[PDB]
């Protein structure tokens, strides 16, 4: 008989219908439900600024009592006036456009390193000669973890996010026909080439490569292979029901067995055909550890079965009603860094 309310005791507010906006609503809500992000969003006409429109929409989403909110001014601030704008852009491009604008405005403030302190991880890609042992390494940064679901030529698709991440750090063996020209050996030798992660982001974004673009269609296509992912992700080695409520204790056990533990709080999913389909997301309020389904004008309680179905699985054919997740958002579990949503009664003005 209850209703979804915010930490403030205020009803959750939805967004307008996804009139070809695709991932837009799911992305906005997922960012609005990030504590550090929303907390940082507070402190001629510059109405075209992405930060100001995002700040107006966040304040409305937190204080307004309506059911749905408009996103016409936000997509105007992006400059994406075309009707097919979101069909021709990946969600990662929109995340980069918003983060670039926020970084450009926050330059010189106490939030100029905020975006990279939250979302940036560091890895290094190397080439290790197997004869002499010398390496050539270069350090890379990343804001996403781009994991494939079913690689080209694969006989089995990855059954879990962990399995895809393991293959993501798998060293490629450079032998036979494509050996490596070693400078120390001054000749072609067998070698290892690949990635290795040195620091995961504080806010971990995982892209599940279900969406591909067929150029012969030329429309979007989507893999429906089943891939699992937990609420508590243990990534210590890189340096099945998780939908219900988290263990406060097992997380401490994993902390005693490594420091890189992550808590799932956003599951952005898609249904129907890939040439469009219906986008929405399952987002968890981290302060109250409660899951909710954010679907356009309707924010409702989410059940563990509803979220668990987003693991995917091949249906009967091209019927073809099926919902699976394409993006995941985790937050590192640090009882010292982890911030809570500041309450609405702490806002200075309106």
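Numbering follows the first chain given and starts at 1.
Counting the deposited residues that fall between residue 249 and residue 250 and carry no coordinates gives zero. The segment from residue 43 to residue 44 is interrupted, since 10 or more residues of the deposited sequence in that interval carry no coordinates. The PDB entry reports B-factors from which the mean C-alpha value can be compared for 78-86 and 162-170; the larger average falls on 78-86. As the entry records it, the average C-alpha temperature factor is higher for 252-260, out of 252-260 and 175-183. If you compare the C-alpha temperature factors of 34, 324, 295, 64 in the entry, 64 comes out highest.
Within the selection 135, 117, 214, 144, the deposited Cα B-factor values reach their highest point at 214.
Remark: residue 98 belongs to the middle third of its chain, ranked by C-alpha B-factor as recorded. Among all modelled residues in its chain, residue 131 ranks in the middle third by Cα B-factor. Remark: residue 196 belongs to the lowest third of its chain, ranked by C-alpha B-factor as recorded.
Ranked against the other modelled residues of its chain, the C-alpha B-factor of residue 48 as given in the entry falls in the highest third.
When the CA B factors of the chain's modelled residues are split into thirds, the value for residue 106 lands in the highest one.
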